[PDB]
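Written out below as structure tokens is the structure these notes cover.
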Protein chains: 2
Amino acid sequence: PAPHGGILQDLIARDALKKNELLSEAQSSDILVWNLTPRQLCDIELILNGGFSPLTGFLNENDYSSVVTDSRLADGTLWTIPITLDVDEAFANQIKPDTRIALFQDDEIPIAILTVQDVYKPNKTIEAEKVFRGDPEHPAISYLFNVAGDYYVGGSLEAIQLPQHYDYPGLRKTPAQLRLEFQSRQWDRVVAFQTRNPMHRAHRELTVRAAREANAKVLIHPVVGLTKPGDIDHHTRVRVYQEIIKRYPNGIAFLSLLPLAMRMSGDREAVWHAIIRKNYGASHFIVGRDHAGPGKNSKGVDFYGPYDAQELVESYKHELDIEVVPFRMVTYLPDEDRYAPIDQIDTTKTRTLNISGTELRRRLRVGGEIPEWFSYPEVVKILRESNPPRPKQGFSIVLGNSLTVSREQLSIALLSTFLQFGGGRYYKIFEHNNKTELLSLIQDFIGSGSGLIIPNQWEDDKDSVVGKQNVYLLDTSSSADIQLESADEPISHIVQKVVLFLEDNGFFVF
Amino acid sequence: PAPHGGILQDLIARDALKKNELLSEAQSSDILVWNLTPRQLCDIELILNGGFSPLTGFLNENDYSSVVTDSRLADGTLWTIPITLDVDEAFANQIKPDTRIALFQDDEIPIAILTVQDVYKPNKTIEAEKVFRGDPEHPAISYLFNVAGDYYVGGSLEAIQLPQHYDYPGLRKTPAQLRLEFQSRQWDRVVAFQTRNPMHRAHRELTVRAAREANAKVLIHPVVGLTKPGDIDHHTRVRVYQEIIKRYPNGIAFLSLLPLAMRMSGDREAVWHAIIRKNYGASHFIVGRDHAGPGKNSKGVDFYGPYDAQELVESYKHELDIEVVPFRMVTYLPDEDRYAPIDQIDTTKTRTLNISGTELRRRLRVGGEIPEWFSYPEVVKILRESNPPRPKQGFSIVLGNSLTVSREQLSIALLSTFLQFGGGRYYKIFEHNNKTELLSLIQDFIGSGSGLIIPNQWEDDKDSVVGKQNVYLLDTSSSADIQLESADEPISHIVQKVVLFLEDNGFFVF
Ligand SMILES: Nc1ncnc2c1ncn2[C@@H]1O[C@H](COP(=O)(O)OP(=O)(O)O)[C@@H](O)[C@H]1O
Ligand SMILES: Nc1ncnc2c1ncn2[C@@H]1O[C@H](COP(=O)(O)OP(=O)(O)O)[C@@H](O)[C@H]1O
Ligand SMILES: [Ca+2]
Ligand SMILES: [Ca+2]
Ligand SMILES: [Ca+2]
Ligand SMILES: [Ca+2]
Ligand SMILES: [Ca+2]
Ligand SMILES: [Ca+2]
Ligand SMILES: [Mg+2]
Ligand SMILES: [Mg+2]
Ligand SMILES: [Mg+2]
Ligand SMILES: [Mg+2]
Ligand code: NA
Ligand code: NA
Ligand code: NA
Ligand code: NA
Ligand code: NA
Ligand code: NA
Ligand code: NA
Ligand code: NA
Ligand code: NA
Ligand code: NA
Ligand code: NA
Ligand code: NA
């Protein structure tokens, strides 16, 4: 179908003969410069290549406001997610309309020149409530208040080049490129599948049903920009994707990576995804259970209904101009050894089985087996590879402040003890001396699979610098992970407590 | 580099706005029509897409002649293999210069409109001797005299569409497309690897050395048009290729199928391959041992020297305008467990190992093991899949004419006997009654893995219709595959002879 708004806004193509000129300007000693943030680099690349058509810059207050209260651009164009350039008060204060800002990447690569139309200070609470449903634990809300700048700069863009990427070089097809791909193959019907997690049996089956129902070819269009904190990294996923694509019949599917920065905005996000996929050349778009939803909040309540997205997309049906292929919870049927939409089976006279993400995360962490029927073995292998079981995980033991025994001697004792176990883990007594340049390495080591013995705590002001994962506190404090009986407890006693704790948590296996 | 001649002759692009017009003409009740042969469909697709640049139609006598005696087109452009439209006397007699012929595919799809320049009757002997070196067993020479028409029709072409293909739809990149592929990835150095056989360890290693030596990305450009009779089918090969490509480091290689019709013209063919690859956008081209050679003739003598191609290519070096990466026999080194060019090892103080094609063909036919070091297991699996060991092969037993026992009873006896063995083969008493519509099916069954019991021989005039593979003759004749003692030999005796014969040839395994 035609790109949203009718015109593919490929600004790279549009501004081709301005490149050298824009480049010079971007590099002049007088232009205002802003180094794009990660999500901003994700958004600007979708703007510059026509993925966010009709958009051609970041939303101004008028357009932004309409999107928030209307799910539409000022002119009425259906648009649910606000795309804005958030900056800080400092930078904002140097901006005036008509001003031209050079937007860089990594403070080195000139991406584009923004021509300021306005500088406003959004009410983050309204955006939070109206666009993301207001739950503070919601990924987009947390980002909004904790990472996003407090001042938005609206304005038109002029392309210099798309953000640089050294991985998966040929796979990040642009709307124009993908459209050309489908064309060279004479694909006039393509159903797109959005995804931010690895694909298992259910997915393969559901995407194939879609291809069969829609009579269209399959586009696995995974998100590699930004997703939900805690998601499997995109590299591990691209591998999972390239592997699973070999399970489809020869010539039915195409893989293309989408550098989109998700918002986990359930239903609004689905409407947005459909618009994006249409721009990219898809004729059909899959919207399954809890599309783009972030699950439940700590209280166990749903951020979005399991089918809110489907319903919203359905209400915008005649406007989207792209066909939606809805799916009900696709589950496993033991007795018939096959998958199928829950709405097609009698959950009364037929038994179903389902390994949830939580459940999977768990197996991977304990080294537990994952059913042959759940996912393909190569997929699981790749997952295990980058999400190793506890006996392969790294960790850190911190000698609490309450500790009264010799920290040096307790450290050595723990070191020598861990060493005798053997098995491949690297151990080290890591003194940070409160230097953040060191504190910031604690997780690099844990991430490398190493066991670190830390002689003492770090200032509370520096706590943010350290990634809490697999970091355990040894102390008499009630809030210690490994609680000591008393600050003067004999070393050997402490060592056994720590060993058994780590063994109880899968780090050690004898 | 620039395409040969300087201009990419993508006639599909050139004649885009003529398509509807050419189409109408091609489909008029008055235009002369010729349905392209297989190799002709191979050649015309390389002409229409700029692969044979500078060519823009089939060679006329002037150009043809110069290519034969000069390895150059009339204007001097380096060109070693003659590309002509060979027709029969009947068709030829209706052609006059200025005439326009509609060239169809499968008598249904209009490919192009040829504007006749001349109609000549080539001296096949000269072409055989001068271009293919005159050995009658040479693949190109046999085709020349046994398949090629005796009259060549030279003339310019006007594109309607490239030949239709329903398999590997997106993989058959055109020069322009490939060039666009390399570009979108910013590949300014690409070394192309030609191939018509499956790729094993040696190949992967040799193409990687090339990539490293040349400082260029890898293009696996296999031939899927026409190769040498007896080669592994291209489908099996594409699978082998798609699998082996996964053994290269991420992002270093690209796979694109070339619908070229090989000539197995050793050195001349190599020069031609380099020109073709240059047109397709390559900056480097690999030329290894016996490039494009058909091996030895039945007498055991070489059609070309193991490095004739390398030497010819080298002599045209400053003309080819594409860098050649020559390789000496790449062999295996047991003790160092690695491959390397023979010219880099001391064949005196180091042992080498090599499983030749013949040797491989043999293992595959006996179900023999293929060294882990020779090829990758997935590749070998795919090969075995379409080149099954004897116990899975089909065959046919023919009751010779000399036979004097009851043909009906001997047939049944052989049928019931084979049946008791079990094992999965399908058996049938196949009566052909000399009807070619039936004789032509004999190989389809053998190909399907079935065992056919044929009650009697077929007329000699019909012999050509039958594929001699796995077709054994039971007769008293000295020239019988399973020789009987006498035409009246008792059935049970004959049955044992046949059983033991088939068991001795791997068809039966107990
Ligand atoms: N078991 C399932 N039943 C129905 N739909 C599913 C199922 N699993 C995944 N989907 C759908 O597949 C798509 C991508 O899945 P996933 O990556 O987990 O979520 P997200 O929408 O956040 O990308 C979504 O449309 C989702 O609703
Ligand atoms: N062992 C080897 N050492 C060096 N080059 C090789 C070796 N095997 C194959 N090659 C080269 O690989 C390319 C393709 O191989 P193949 O398909 O067998 O022959 P062809 O040249 O007929 O396409 C050729 O350039 C050939 O010379
Ligand atoms: Ca704030
Ligand atoms: Ca629920
Ligand atoms: Ca005490
Ligand atoms: Ca003849
Ligand atoms: Ca030889
Ligand atoms: Ca007798
Ligand atoms: Mg980028
Ligand atoms: Mg989900
Ligand atoms: Mg074709
Ligand atoms: Mg060879
Ligand atoms: Na439309
Ligand atoms: Na810098
Ligand atoms: Na709801
Ligand atoms: Na519409
Ligand atoms: Na429809
Ligand atoms: Na426990
Ligand atoms: Na040149
Ligand atoms: Na016909
Ligand atoms: Na002669
Ligand atoms: Na060079
Ligand atoms: Na020679
Ligand atoms: Na024998």
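Here chain B follows Swiss-Prot for its numbers: 2-511, in order, are the residues you see.
Per the header of the entry, the method used was X-ray crystallography, 3.0 Å.
Yeah, the Cβs are placed from backbone N, Cα and C, and that goes for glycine too.
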Residue in B:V219, B:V325, B:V331 which Swiss-Prot records at the ATP site where B:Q195, B:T196, B:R197, B:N198, B:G289, B:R290, B:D291, B:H292 also bind: B:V331
Distance, B:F328 (site 'Induces change in substrate recognition on ATP binding') to B:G289 (ATP binding site) (CA atoms, angstrom): 5
Span of the ATP site, taken as the largest CA to CA distance across B:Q195, B:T196, B:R197, B:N198, B:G289, B:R290, B:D291, B:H292, B:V331 (Å, rounded to a whole number): 17
Local Cβ density at B:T196 (active site) - other Cβ atoms counted within 10 Å: 19
DSSP state at B:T196 (active site), helix/strand/coil: strand
Recorded positions clustered about B:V331 (ATP binding site) [Cα within 10 Å; pool: B:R197, B:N198, B:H204]: B:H204
Close in space, distant in sequence - B:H204 (site 'Transition state stabilizer'), Cβ under 8 Å, 6 or more apart: B:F194, B:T196, B:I245, B:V331
Recorded positions compared (B:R197, B:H201) - highest count of Cβ atoms within 10 Å: B:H201
The one of B:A293, B:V331 whose CB sees the fewest other CB atoms within 10 Å, among these binding-site residues: B:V331
B:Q195 (ATP binding site) versus recorded positions B:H201, B:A293, B:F328 - nearest by Cα: B:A293
Distant-in-sequence Cβ neighbours of B:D291 (ATP binding site), under 8 Å, six or more positions away: B:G267, B:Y305, B:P307, B:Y308, B:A310
Neighbour tally for B:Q195 (ATP binding site), based on other Cβ positions within 10 Å of its Cβ: 24
